[PDB]
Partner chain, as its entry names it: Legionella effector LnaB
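To begin, one chain is listed below as structure tokens, in the form deposited without the partner chain.
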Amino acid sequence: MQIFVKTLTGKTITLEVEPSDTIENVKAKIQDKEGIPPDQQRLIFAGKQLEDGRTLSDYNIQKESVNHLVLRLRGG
């Protein structure tokens, strides 16, 4: 399935993912596209912070056809 990520500029990228994919797996894909180390990423879905050992299915990524995660840059 495809998801969007809103990036630090408010633009979107698309990732090809499966519901069982971990948040750590998603953050690695975001690192490859946006150059943010995973330990400096905070990923949000519907205002909820996503935890690295959990999966997209844990956050019900399947409920909607179109989903946008939000990338935030941890503060220094």
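Numbering follows the first chain given and starts at 1.
Annotation for 19-27 versus 57-65: the higher mean temperature factor (C-alpha) is found in 57-65. Stretches 45-53 and 32-40 differ in mean CA B factor, with 45-53 having the higher one. Among the modelled residues of the chain, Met1 sits in the highest third by CA temperature factor in this PDB entry.
Beyond the structure shown, there is the form deposited with the partner chain bound, which is absent from this document and is the topic of what follows.
Contacts between stretch 15-40 and the partner chain, counted in the bound PDB entry as any heavy atom lying within 4.5 Å, involve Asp39 alone.
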